[PDB]
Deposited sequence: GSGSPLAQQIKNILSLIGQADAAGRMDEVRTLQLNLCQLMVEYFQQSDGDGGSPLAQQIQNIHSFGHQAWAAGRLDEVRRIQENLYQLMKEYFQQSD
């Protein structure tokens, strides 16, 4: 529950940073969100989907598969906004 609130706070900060065009701030906030996701999702079908899609995106990034990274990141943001009820 505190972890869920920390995650919601990062999701909102990411939205503000993206709205401002602050891509390096988006980068570092995503790194923080990653830290919290690895801890929170180390359950419901959505929780399992977030864990699986998060893992897939990291494998895609490690393999340099950048189109899939972008699409996975978009989907993962959507899943996280649903799970944590972040508008």
query: Stretches with no C-alpha position, numbering per deposited sequence from 1; finding: 1-3, 46-51, 97
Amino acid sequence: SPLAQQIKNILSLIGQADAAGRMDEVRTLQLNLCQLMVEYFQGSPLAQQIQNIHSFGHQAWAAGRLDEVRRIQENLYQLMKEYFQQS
From here on, numbers count along this sequence of modelled residues.
{"property": "53-61 versus 31-39 - which carries the larger mean C-alpha B factor in the record", "result": "31-39"}
{"property": "Top Cα B factor in the deposited entry, candidates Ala17, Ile72, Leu66, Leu79", "result": "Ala17"}
